[PDB]
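Just below is one structure, and these are the notes that go with it.
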Amino acid sequence: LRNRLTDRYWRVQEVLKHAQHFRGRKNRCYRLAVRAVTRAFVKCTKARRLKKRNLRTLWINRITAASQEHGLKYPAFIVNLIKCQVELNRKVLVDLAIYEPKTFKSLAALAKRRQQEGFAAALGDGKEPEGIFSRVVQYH
Amino acid sequence: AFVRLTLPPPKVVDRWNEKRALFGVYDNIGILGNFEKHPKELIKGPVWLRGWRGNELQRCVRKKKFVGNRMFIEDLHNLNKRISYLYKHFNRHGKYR
Amino acid sequence: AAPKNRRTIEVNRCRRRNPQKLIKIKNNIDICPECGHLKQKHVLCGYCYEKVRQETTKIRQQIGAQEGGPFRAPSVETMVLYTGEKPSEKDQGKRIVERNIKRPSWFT
Amino acid sequence: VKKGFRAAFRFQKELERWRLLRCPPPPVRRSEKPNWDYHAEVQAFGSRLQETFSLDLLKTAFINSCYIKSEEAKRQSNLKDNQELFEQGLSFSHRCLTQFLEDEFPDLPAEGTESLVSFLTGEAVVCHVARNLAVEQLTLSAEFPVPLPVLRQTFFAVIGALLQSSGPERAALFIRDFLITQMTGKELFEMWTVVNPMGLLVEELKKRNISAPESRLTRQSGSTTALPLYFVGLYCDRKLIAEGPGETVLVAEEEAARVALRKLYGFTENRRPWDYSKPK
Amino acid sequence: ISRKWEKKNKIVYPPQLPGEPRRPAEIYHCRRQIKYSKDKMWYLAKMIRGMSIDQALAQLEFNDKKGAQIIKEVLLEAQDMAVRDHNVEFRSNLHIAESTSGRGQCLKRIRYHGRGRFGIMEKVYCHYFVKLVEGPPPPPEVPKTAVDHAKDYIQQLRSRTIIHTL
RNA sequence: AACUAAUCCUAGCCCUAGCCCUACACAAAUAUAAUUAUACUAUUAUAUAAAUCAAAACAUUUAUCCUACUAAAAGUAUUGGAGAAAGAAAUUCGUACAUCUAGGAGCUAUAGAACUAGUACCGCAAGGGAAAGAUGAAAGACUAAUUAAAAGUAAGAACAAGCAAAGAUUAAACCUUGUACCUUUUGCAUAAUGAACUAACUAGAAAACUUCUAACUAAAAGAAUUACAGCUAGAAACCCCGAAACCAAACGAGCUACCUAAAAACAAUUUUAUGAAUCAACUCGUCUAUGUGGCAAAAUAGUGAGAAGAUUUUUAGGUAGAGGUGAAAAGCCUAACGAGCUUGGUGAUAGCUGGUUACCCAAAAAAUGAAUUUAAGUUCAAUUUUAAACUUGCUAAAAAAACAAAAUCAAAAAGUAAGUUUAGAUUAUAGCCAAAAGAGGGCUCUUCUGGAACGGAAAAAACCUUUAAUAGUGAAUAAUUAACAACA
RNA sequence: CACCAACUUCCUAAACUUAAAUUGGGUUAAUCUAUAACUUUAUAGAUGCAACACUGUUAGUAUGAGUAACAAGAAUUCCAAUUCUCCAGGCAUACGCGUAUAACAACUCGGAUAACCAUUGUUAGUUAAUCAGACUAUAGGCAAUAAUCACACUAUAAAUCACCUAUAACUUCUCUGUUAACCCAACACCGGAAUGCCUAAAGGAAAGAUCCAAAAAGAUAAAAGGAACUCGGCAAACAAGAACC
RNA sequence: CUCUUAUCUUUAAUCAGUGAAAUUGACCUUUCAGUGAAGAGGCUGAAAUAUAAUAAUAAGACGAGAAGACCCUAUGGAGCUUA
Ligand SMILES: [Mg+2]
Ligand SMILES: [Mg+2]
Ligand SMILES: [Mg+2]
Ligand SMILES: [Mg+2]
Ligand SMILES: [Mg+2]
Ligand SMILES: [Mg+2]
Ligand SMILES: [Mg+2]
Ligand SMILES: [Mg+2]
Ligand SMILES: [Mg+2]
Ligand SMILES: [Mg+2]
Ligand SMILES: [Mg+2]
Ligand SMILES: [Mg+2]
Ligand SMILES: [Mg+2]
Ligand SMILES: [Mg+2]
Ligand SMILES: [Mg+2]
Ligand SMILES: [Mg+2]
Ligand SMILES: [Mg+2]
Ligand SMILES: [Mg+2]
Ligand SMILES: [Mg+2]
Ligand SMILES: [Mg+2]
Ligand SMILES: [Mg+2]
Ligand SMILES: [Mg+2]
Ligand SMILES: [Mg+2]
Ligand SMILES: [Mg+2]
Ligand SMILES: [Mg+2]
Ligand SMILES: [Mg+2]
Ligand SMILES: [Mg+2]
Ligand SMILES: [Mg+2]
Ligand SMILES: [Mg+2]
Ligand SMILES: [Mg+2]
Ligand SMILES: [Mg+2]
Ligand SMILES: [Mg+2]
Ligand SMILES: [Mg+2]
Ligand SMILES: [Mg+2]
Ligand SMILES: [Mg+2]
Ligand SMILES: [Mg+2]
Ligand SMILES: [Mg+2]
Ligand SMILES: [Mg+2]
Ligand SMILES: [Mg+2]
Ligand SMILES: [Mg+2]
Ligand SMILES: [Mg+2]
Ligand SMILES: [Mg+2]
Ligand SMILES: [Mg+2]
Ligand SMILES: [Mg+2]
Ligand SMILES: [Mg+2]
Ligand SMILES: [Mg+2]
Ligand SMILES: [Mg+2]
Ligand SMILES: [Mg+2]
Ligand SMILES: [Mg+2]
Ligand SMILES: [Mg+2]
Ligand SMILES: [Mg+2]
Ligand SMILES: [Mg+2]
Ligand SMILES: [Mg+2]
Ligand SMILES: [Mg+2]
Ligand SMILES: [Mg+2]
Ligand SMILES: [Mg+2]
Ligand SMILES: [Mg+2]
Ligand SMILES: [Mg+2]
Ligand SMILES: [Mg+2]
Ligand SMILES: [Mg+2]
Ligand SMILES: [Mg+2]
Ligand SMILES: [Zn+2]
């Protein structure tokens, strides 16, 4: 036995420290703990991407609740704000509804009015003056 | 795994004992001595591998030539069996032909 | 049929620590007035019973000596007397057993 | 038995870790531990805060009376206390803090502006602030960890030393930065304790010659269940002044009183943020 | 093998100051090698947990298991040393804080079967541990009342926060 | 707050150097059934080693085994189913450490000898053959301590829901997402092998040619060798476990088969005058149930056959594996005989099964053609690949041919970065599904194209959307099982 | 008349582009040696240089599971004691075994549990001229006629040293076996084991305590019917008989 | 057998003592329809659902141990017979 590995104690502890919060023999038996830890790491990596998608669904759900209190569907509210050159994202809109109820109501009226202007422009045909809020500022 | 619960006793090495101090002296006996002696003649070891090197099969066959006739019965039986095993490995087995 | 899997320590703890398998506590333990040793209400005291049986052996040992052999059962009643006591008239013609020691206080 | 001492050396370190967790060591003051020079540490204290101090004054502040007693007892087997600086430093802070509060909240009652000053000069705030500025490390005393009354005293002595060296204007900035900051996010009544809020409200309304409020039930939900919500609004002259939520009518009504008071004294949540912009 | 239970009796605290509650006494005792299974001894050790010395000795005297007699003798020696060596005033003023069983060193033998086969037999042994603490037994458990249950439920509802938002 | 455990250093060993040996151990006993004081009754190795194995079979043949100084001549002359392989001499060279009674980039209790011991134990015998120990200067100081430390348990059973975790969260569980691991299969598994858990042990080895780094250079090398820039030195490489067999020499007939010698048993009843009859003792084992790790590695409970004979039984001796014995069942020869057992040849051989231990970066297959006692394997082409030299490649491609009435061919241009030659090297040589065109009539072949999601079609290897892979509580989009009963 | 939806693409910071035998390259865990360093490090030279997997080898500990299975006749005045209830191969010799023999003391290991020892330790034991074994004077000469109650009687398989002639010696008891609940079968195994006497005068104990479920095994009884059962009268029966191929 | 029944002994069950074996990737171990390799406790869609023991049945876990048999291959063997 000329040369023998003298570090096996610390190589074992690297795996087992990640398994202390498991239940069963998975938290103390190396041949079992090693299989469980790698499955956990794979799940951890795939859940970094899925987290971002989940939060967007939460934002859209809460926005629909806030708009419907004022009689608006989600597609109408979001689309018309864009046509008014408002570039607030969904994450910040949720903050206003929860924490700034009066400001959110003001935005609700603005989106509704722009929708009405579009309806009038559609039904009326020919050359007619454009809506007050339907004027687009230009950049160069 | 289980590890020592105490430190082993210290090892103290004298780097200036006679063997260490004079290592290498007379390695140039030939060039500085008019070539009366070759440096290989300064080597101490088994009779059959002084100033010579080879693979395991070559070492086994060389040992038999030098001291084969002065060996014990059982030692010689094992040496002969080792030769035949090495012969079949080196001449019939391996990745490369 | 053989087990298809090992049973875990968690499942095993639930089988053998169930309240059905534990030792029940006893409510019928009391103290004996005469000796002060413990007993169950529906059972005789062991310490007090032990006294009586020891005396019974002594009497029977004496009865064996008098008879001297098997098949010697008398056809008349028996009675026991202790040192300092003499048969009464009613005791006439009844087997008498003699004990060296004095009459025990509990024995009447 | 394997050859080598390196694995044995490593394991001794882990045995050290295990022993510490099971038997935590008693606390020790940093002065005892290595890498300590008193003179250098004091100078860095001033420069850290971007303030200039006189070395002789600043050192006196840290010395405490209890420390002197211990040294003499050991001596048998000069110095100079910080008592003078403590009294001066505390006095200015009380006046300076009052001046800040009155300008910000003139309407708020006098008793109120005493509770807040008492709140911001108590052991809880002062001890918490003192430790994070290293005051505890530099203190000289006979007991460690330093008791809170001792720790509090040395803190104000330092402000006193700052006052002498650099004058009032500098110290006012010092109190604003480190003491006034501690009231961020704190609701009024969390720092001032008032029982029977309605009684106080009635007196305050009388002073401005306003009629006593009329309690009414603005909104209601789930009254008969075990989780009811109530909104009670105080109406004055048929005009709404405050509205409050609660579990029960009595609790909700009391809540409306606190809402009203806060508006009167101008300590509302949406009040103008404090101003640290001034460099002067 | 480890023998730490024995040494626990030799701890010495510094004298208590006048303004302090009186510290109760503690006694540790065990019997080491016993020809009995530890699984079986567990049921006996479990029963007397929390009881006073007199109540424990009463229940043991009327149990039919072989382990009951061995536990009783260990209990009697613990009581004797408590008064004699650990400055306990009254014998009756004691209760069982801890009682448990442990595995001992065992022996391996052969068990015969019917076709020239065999099996491995174990002759099993166990330990017994106890700790005696001076004072009346601590009061028993009281189940939560209906009012206590509800108060927890409101506390849970009050703890809620708005999740994943500013 | 601790049980079971764990920590340790020296007992010895291994390979060389040196040297022949003169060790042949009170009294008594022992070759007789050894260890029994005296006569019977004589005492004595062996003709040439074989086979496995290599020749991809096998039949001549197959290094060492089966020893005669180192270095060279030389793997040369010669021998050989002239093939696997085998292999000299003439002739040159050499006094060697030389008290080195000494040494170690050898092992430290699963290592090193099997060894504390050829003991305990197993076998009739030849023969096979283990395990383990740990205080201190002093025990004439009560046997020492040290360690959250393995699996296993205890302290302390459990609480709707699910490969047991991950994103999370004020909050352990509730909500959302998610078809265990290795090997093998067609790149596919809810297929099928393997794993109760812990600790230790347990599997790639050589220098002909090539590339890299130096010395000297028409010469290099410390004698024998190579040379039209060479030559010398260094570094760089090719696994483990597992048969049924075959041969040589011992050991076995206390079981069983048959034989030799000396001995023994057989009541009662009817017949007679006996391989007769009824039926015990005794010998055998028809049929059924129980038993099946059994009381038993072939039994128990009943029920059955013979029982003065070719009967049964005891003691001692004989025949031995190319053999013996056999009222022939290819039965029996010490529980496993179509040919005993043990040791050695022996690390037998295995184109077949299983396994083959740290990280990162980069590139990459097809699984077509040809020969083969070849199709469970191998060699050559073709592919891929690393390095080097230097110059045209890929897509496209007019007319004008050759064909018959889209494959060749490749001017000039344009979009674009590969291609040829030289040197070295393996692995691989069975695919699978979808969509076209045929040919033998749902399979079976041949030919062209595409594929191997983490999104979608309900789950979903092969259909559709998709240029690599990173952090973020940003944003715009892609594919996307559904579609809106009469007259006229 | 739109929205939602893949690291596809853009944005802040970065990056510089598509399963697998095989192939080309940069690092590194551990230990030893040279020279250094001094709470465990540096440059070089080395090697028995790294295991979640071979129905791998050795040791340890779980699961199945406190489960399957194992055992001592009754009362008393007490286990070499008395009496009672029931069962029915015992005593010697040969072969083999080798202290298991007896007393005391122990209560660890052994008996598959206790009591008690068959276990551990210490001390003791089996006595022969008759029972059993071993037991050296020499050389010659010579044999027709079984046994079975041996008479009758036949038969067929044809059948257990003595006595004489000569030579030599001319009083003797040492040596060895002797115990037992015992041997061959891995075991305190429902198995195997020769001969003589005898058949209870010798030798023994089927039930640890309690309860009276299912299923399973063994025994006995059964109305009316009597092979209708089943591959088959297998098994059982108040039957145990007859005939034919 | 129609057509089964009753009793006793052994087993069984409860208490006391001693105490094995094959087996075992991990398990927090449900039903129905669909998908699929005649195949799902674990996948898709629905539904059901406080926690643990003791005694029973044998549908499933392609249930466990099978030295259990049929088909094919190898320039693997052995016994027997010959022309
Ligand atoms: Mg998205
Ligand atoms: Mg459960
Ligand atoms: Mg076991
Ligand atoms: Mg061959
Ligand atoms: Mg020559
Ligand atoms: Mg060894
Ligand atoms: Mg060994
Ligand atoms: Mg542990
Ligand atoms: Mg869940
Ligand atoms: Mg198979
Ligand atoms: Mg398996
Ligand atoms: Mg390991
Ligand atoms: Mg014989
Ligand atoms: Mg015989
Ligand atoms: Mg007769
Ligand atoms: Mg026979
Ligand atoms: Mg007959
Ligand atoms: Mg007959
Ligand atoms: Mg006859
Ligand atoms: Mg025949
Ligand atoms: Mg035949
Ligand atoms: Mg045999
Ligand atoms: Mg091999
Ligand atoms: Mg092809
Ligand atoms: Mg051919
Ligand atoms: Mg092949
Ligand atoms: Mg061109
Ligand atoms: Mg991309
Ligand atoms: Mg790959
Ligand atoms: Mg290794
Ligand atoms: Mg293994
Ligand atoms: Mg167990
Ligand atoms: Mg069970
Ligand atoms: Mg049962
Ligand atoms: Mg049972
Ligand atoms: Mg009995
Ligand atoms: Mg005896
Ligand atoms: Mg005795
Ligand atoms: Mg004895
Ligand atoms: Mg005689
Ligand atoms: Mg004789
Ligand atoms: Mg005798
Ligand atoms: Mg047997
Ligand atoms: Mg048995
Ligand atoms: Mg008798
Ligand atoms: Mg019974
Ligand atoms: Mg009957
Ligand atoms: Mg009838
Ligand atoms: Mg019929
Ligand atoms: Mg029928
Ligand atoms: Mg019959
Ligand atoms: Mg029991
Ligand atoms: Mg469940
Ligand atoms: Mg189904
Ligand atoms: Mg499902
Ligand atoms: Mg079933
Ligand atoms: Mg069953
Ligand atoms: Mg199966
Ligand atoms: Mg072939
Ligand atoms: Mg062949
Ligand atoms: Mg052959
Ligand atoms: Zn009494």
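Naming scheme: A, B, ... for chains in displayed order of the structure tokens; residues 1 onward per chain; ligands 1 onward as shown.
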
Could you pull the residues within 12 Å of residue 390 of chain F, counting only C-alpha atoms (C1' of nucleotides), minus those fewer than 4 positions along the same chain, as number ranges by chain? F: 419-422

Can you tell me which residues come within 12 Å of ligand 29 when counting only C-alpha atoms (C1' of nucleotides) and all ligand atoms, ideally as a PDB file with C-alpha atoms (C1' of nucleotides), in the first residue's frame?
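Produced file out-v3.pdb, reproduced below:
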```pdb
ATOM      1  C1'   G F 187     -29.361   8.635 -30.872  1.00  0.00           C
ATOM      2  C1'   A F 363     -13.088  18.642 -32.991  1.00  0.00           C
ATOM      3  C1'   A F 364     -16.172  14.293 -34.829  1.00  0.00           C
TER       4        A F 364
ATOM      5  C1'   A G  19     -26.539  12.618 -29.425  1.00  0.00           C
ATOM      6  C1'   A G  20     -22.277  10.324 -29.660  1.00  0.00           C
ATOM      7  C1'   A G  21     -17.363   5.507 -30.500  1.00  0.00           C
ATOM      8  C1'   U G  22     -12.974   7.751 -31.529  1.00  0.00           C
TER       9        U G  22
END
```

Applying 9 Å and only C-alpha atoms (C1' of nucleotides), which residues near segment 130-137 of chain A remain after dropping the ones on its own chain fewer than 5 positions away? List them as a PDB file with C-alpha atoms, in the first residue's frame.
```
ATOM      1  CA  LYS A  83     -50.995  54.699 -28.842  1.00  0.00           C
ATOM      2  CA  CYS A  84     -50.617  57.667 -26.457  1.00  0.00           C
ATOM      3  CA  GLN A  85     -46.810  57.224 -26.369  1.00  0.00           C
ATOM      4  CA  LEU A 110     -56.829  58.254 -20.619  1.00  0.00           C
ATOM      5  CA  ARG A 113     -60.695  58.176 -24.166  1.00  0.00           C
ATOM      6  CA  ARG A 114     -58.088  57.171 -26.747  1.00  0.00           C
ATOM      7  CA  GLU A 117     -61.310  58.514 -30.414  1.00  0.00           C
ATOM      8  CA  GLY A 118     -60.261  55.492 -32.455  1.00  0.00           C
ATOM      9  CA  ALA A 121     -62.247  57.924 -36.513  1.00  0.00           C
TER      10      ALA A 121
END
```

Mind dumping a table of every chain D residue within 12 Å of chain A, with the nearest atom pair and its distance in Å to one decimal, using only C-alpha atoms, sorted by chain and rising number, as a Markdown table?
```
| residue | atom | partner | partner_atom | distance |
| --- | --- | --- | --- | --- |
| D:1 | CA | A:4 | CA | 10.3 |
| D:2 | CA | A:4 | CA | 7.3 |
| D:3 | CA | A:3 | CA | 8.7 |
| D:4 | CA | A:6 | CA | 8.5 |
| D:5 | CA | A:6 | CA | 10.0 |
| D:6 | CA | A:6 | CA | 8.9 |
| D:7 | CA | A:6 | CA | 6.6 |
| D:8 | CA | A:6 | CA | 9.7 |
| D:9 | CA | A:7 | CA | 11.9 |
| D:10 | CA | A:10 | CA | 9.8 |
| D:11 | CA | A:9 | CA | 9.6 |
| D:14 | CA | A:10 | CA | 10.8 |
```

**OP:** Write down, as a list in words, each residue of chain A that has any atom within 12 Å of an atom of chain H, counting only C-alpha atoms (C1' of nucleotides).
**Re:** residues 23, 24, 25, 26, 29, 31, 32, 33, 35 and 36 of chain A

Which residue gives the smallest distance to chain G among B:65, B:15, B:82, B:37, with only C-alpha atoms (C1' of nucleotides) counted?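 Nearest candidate to chain G out of B:65, B:15, B:82, B:37: B:15.
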
Selection near residue 92 of chain E, 7 Å with only C-alpha atoms (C1' of nucleotides), sequence-local residues under 2 positions removed, as JSON, numbers by chain
{"E": [53, 54, 90, 94]}

Write a file of the selected residues as a JSON list (two decimals), in the first residue's frame, keeping C-alpha atoms.
```json
[["chain", "number", "residue", "atom", "x", "y", "z"],
["E", 53, "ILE", "CA", -39.92, 7.81, 42.69],
["E", 54, "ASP", "CA", -42.72, 6.26, 44.76],
["E", 90, "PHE", "CA", -36.10, 13.75, 51.81],
["E", 94, "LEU", "CA", -37.50, 12.91, 43.70]]
```

For this session: Do a neighbour search on segment 141-147 of chain E at 12 Å with only C-alpha atoms (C1' of nucleotides), toss out local chain neighbours closer than 6 positions, and write the hits as number ranges by chain.
Result: E: 50, 153-154

- Which chain E residues are at most 12 Å from chain A (counting only C-alpha atoms), as an MDAnalysis selection string? chainID E and resid 162:166

Just N, CA and C atoms for this one: save the residues we selected as an mmCIF file, in the first residue's frame.
```cif
data_model
loop_
_atom_site.group_PDB
_atom_site.id
_atom_site.type_symbol
_atom_site.label_atom_id
_atom_site.label_comp_id
_atom_site.auth_asym_id
_atom_site.auth_seq_id
_atom_site.Cartn_x
_atom_site.Cartn_y
_atom_site.Cartn_z
ATOM 1 N N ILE E 162 -48.194 41.613 1.277
ATOM 2 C CA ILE E 162 -48.380 41.615 -0.171
ATOM 3 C C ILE E 162 -47.102 41.077 -0.803
ATOM 4 N N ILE E 163 -47.219 39.970 -1.527
ATOM 5 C CA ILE E 163 -46.069 39.169 -1.930
ATOM 6 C C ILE E 163 -45.625 39.579 -3.325
ATOM 7 N N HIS E 164 -44.307 39.663 -3.512
ATOM 8 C CA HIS E 164 -43.703 39.880 -4.827
ATOM 9 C C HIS E 164 -44.126 41.220 -5.422
ATOM 10 N N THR E 165 -44.145 42.259 -4.590
ATOM 11 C CA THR E 165 -44.472 43.599 -5.049
ATOM 12 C C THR E 165 -43.650 44.612 -4.269
ATOM 13 N N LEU E 166 -43.738 45.864 -4.702
ATOM 14 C CA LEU E 166 -42.997 46.955 -4.084
ATOM 15 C C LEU E 166 -43.282 47.038 -2.587
#
```

Expected answer as a PyMOL selection string: residues within 8 Å of ligand 44, only C-alpha atoms (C1' of nucleotides) and all ligand atoms: (chain E and resi 112-114) or (chain F and resi 295) or (chain G and resi 187+189)

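Interface residues on chain B toward chain D (cut-off 10 Å, only C-alpha atoms): residues 3, 4, 5, 6, 7, 8, 9, 10 and 11 of chain B.
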
As a PDB file with C-alpha atoms (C1' of nucleotides), in the first residue's frame, please: every protein or nucleic acid residue near ligand 20 (cut-off 12 Å, counting only C-alpha atoms (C1' of nucleotides) and all ligand atoms).
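part-v7.pdb was written with the following content:
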```
ATOM      1  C1'   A F 328     -26.533 -54.353 -18.127  1.00  0.00           C
ATOM      2  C1'   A F 329     -29.683 -49.775 -14.731  1.00  0.00           C
ATOM      3  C1'   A F 330     -24.281 -47.000 -19.571  1.00  0.00           C
ATOM      4  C1'   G F 331     -25.687 -49.136 -12.127  1.00  0.00           C
TER       5        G F 331
END
```

| task | Kindly provide, as a list in words, all nucleotide and amino acid residues lying within 12 Å of ligand 36, counting only C-alpha atoms (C1' of nucleotides) and all ligand atoms. | result |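 My answer, listing the contacting residues, is residues 71, 72, 73, 205, 206, 207 and 208 of chain G.
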
Write the selection just made, keeping C-alpha atoms (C1' of nucleotides), as a PDB file, in the first residue's frame?
```
ATOM      1  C1'   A G  71     -39.889 -26.340  26.744  1.00  0.00           C
ATOM      2  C1'   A G  72     -40.882 -28.826  32.572  1.00  0.00           C
ATOM      3  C1'   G G  73     -47.269 -34.872  34.821  1.00  0.00           C
ATOM      4  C1'   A G 205     -43.383 -38.627  31.519  1.00  0.00           C
ATOM      5  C1'   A G 206     -47.439 -36.853  26.204  1.00  0.00           C
ATOM      6  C1'   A G 207     -49.524 -30.746  29.151  1.00  0.00           C
ATOM      7  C1'   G G 208     -44.498 -23.289  30.765  1.00  0.00           C
TER       8        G G 208
END
```

| said: Could you tell me which residues of chain C sit within 12 Å of chain A when counting only C-alpha atoms, and give me the result as a ChimeraX atom specification? | reply: /C:7-11

Exercise. List every residue of segment 48-89 of chain B that DSSP, applied to the backbone, labels as alpha helix (DSSP H), and write the result as a VMD selection string.
Key: chain B and resid 56 to 67 73 to 89

#### Entry: Env. residues ligand 41 / 12 Å / only C-alpha atoms (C1' of nucleotides) and all ligand atoms / as a PyMOL selection string
(chain F and resi 40) or (chain G and resi 134-136)

>> If the cut-off is 9 Å, can you tell me the residues of chain G near chain E, counting only C-alpha atoms (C1' of nucleotides)? I'd like them as a PyMOL selection string.
In response: chain G and resi 66+112+186-187

- Query: Counting only C-alpha atoms (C1' of nucleotides), which residues of chain H come no farther than 10 Å from chain E, as JSON, numbers by chain?
  - Reply: {"H": [15, 16, 17, 18, 19, 20, 21]}

Same residues, N, CA, C and O atoms (P, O5', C5', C4', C3', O3' and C1' of nucleotides), output as a PDB file, in the first residue's frame:
```pdb
ATOM      1  P     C H  15     -50.033 -10.249  24.697  1.00  0.00           P
ATOM      2  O5'   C H  15     -49.822 -11.031  26.068  1.00  0.00           O
ATOM      3  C5'   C H  15     -50.089 -10.405  27.313  1.00  0.00           C
ATOM      4  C4'   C H  15     -49.640 -11.253  28.476  1.00  0.00           C
ATOM      5  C3'   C H  15     -48.153 -11.539  28.567  1.00  0.00           C
ATOM      6  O3'   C H  15     -47.406 -10.464  29.104  1.00  0.00           O
ATOM      7  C1'   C H  15     -49.350 -13.536  28.919  1.00  0.00           C
ATOM      8  P     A H  16     -45.893 -10.220  28.633  1.00  0.00           P
ATOM      9  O5'   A H  16     -45.078 -11.416  29.298  1.00  0.00           O
ATOM     10  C5'   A H  16     -44.810 -11.430  30.691  1.00  0.00           C
ATOM     11  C4'   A H  16     -43.966 -12.616  31.089  1.00  0.00           C
ATOM     12  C3'   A H  16     -42.695 -12.848  30.289  1.00  0.00           C
ATOM     13  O3'   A H  16     -41.623 -12.000  30.650  1.00  0.00           O
ATOM     14  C1'   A H  16     -43.840 -14.886  30.517  1.00  0.00           C
ATOM     15  P     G H  17     -40.537 -11.575  29.547  1.00  0.00           P
ATOM     16  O5'   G H  17     -39.693 -12.900  29.295  1.00  0.00           O
ATOM     17  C5'   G H  17     -38.878 -13.453  30.316  1.00  0.00           C
ATOM     18  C4'   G H  17     -38.162 -14.697  29.853  1.00  0.00           C
ATOM     19  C3'   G H  17     -37.337 -14.574  28.584  1.00  0.00           C
ATOM     20  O3'   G H  17     -36.085 -13.943  28.782  1.00  0.00           O
ATOM     21  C1'   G H  17     -38.607 -16.562  28.507  1.00  0.00           C
ATOM     22  P     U H  18     -35.406 -13.106  27.591  1.00  0.00           P
ATOM     23  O5'   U H  18     -34.942 -14.212  26.543  1.00  0.00           O
ATOM     24  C5'   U H  18     -33.844 -15.068  26.823  1.00  0.00           C
ATOM     25  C4'   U H  18     -33.704 -16.160  25.791  1.00  0.00           C
ATOM     26  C3'   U H  18     -33.460 -15.715  24.358  1.00  0.00           C
ATOM     27  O3'   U H  18     -32.114 -15.355  24.100  1.00  0.00           O
ATOM     28  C1'   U H  18     -35.131 -17.373  24.383  1.00  0.00           C
ATOM     29  P     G H  19     -31.776 -14.143  23.104  1.00  0.00           P
ATOM     30  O5'   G H  19     -32.337 -14.615  21.691  1.00  0.00           O
ATOM     31  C5'   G H  19     -31.790 -15.739  21.018  1.00  0.00           C
ATOM     32  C4'   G H  19     -32.645 -16.153  19.847  1.00  0.00           C
ATOM     33  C3'   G H  19     -32.817 -15.125  18.742  1.00  0.00           C
ATOM     34  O3'   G H  19     -31.710 -15.078  17.857  1.00  0.00           O
ATOM     35  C1'   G H  19     -34.924 -16.026  19.301  1.00  0.00           C
ATOM     36  P     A H  20     -31.689 -14.068  16.608  1.00  0.00           P
ATOM     37  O5'   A H  20     -32.472 -14.856  15.468  1.00  0.00           O
ATOM     38  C5'   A H  20     -32.055 -14.810  14.112  1.00  0.00           C
ATOM     39  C4'   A H  20     -32.131 -16.173  13.474  1.00  0.00           C
ATOM     40  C3'   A H  20     -32.226 -16.200  11.955  1.00  0.00           C
ATOM     41  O3'   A H  20     -30.970 -16.055  11.314  1.00  0.00           O
ATOM     42  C1'   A H  20     -33.871 -17.622  12.861  1.00  0.00           C
ATOM     43  P     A H  21     -30.840 -15.211   9.954  1.00  0.00           P
ATOM     44  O5'   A H  21     -31.769 -15.981   8.914  1.00  0.00           O
ATOM     45  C5'   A H  21     -31.397 -17.249   8.396  1.00  0.00           C
ATOM     46  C4'   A H  21     -32.312 -17.683   7.278  1.00  0.00           C
ATOM     47  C3'   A H  21     -32.508 -16.688   6.142  1.00  0.00           C
ATOM     48  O3'   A H  21     -31.469 -16.747   5.178  1.00  0.00           O
ATOM     49  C1'   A H  21     -34.610 -17.510   6.847  1.00  0.00           C
TER      50        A H  21
END
```

Q: Could you please tell me, as an MDAnalysis selection string, which residues of chain G have an atom within 9 Å of chain D when using only C-alpha atoms (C1' of nucleotides)?
A: chainID G and resid 31 39:40

Would you mind exporting C-alpha atoms (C1' of nucleotides) of the selected residues as a PDB file, in the first residue's frame?
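Listing of selection.pdb after writing:
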```
ATOM      1  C1'   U G  31       2.201  10.715  -1.006  1.00  0.00           C
ATOM      2  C1'   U G  39       0.528  26.436  12.183  1.00  0.00           C
ATOM      3  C1'   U G  40       1.768  23.315   6.889  1.00  0.00           C
TER       4        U G  40
END
```
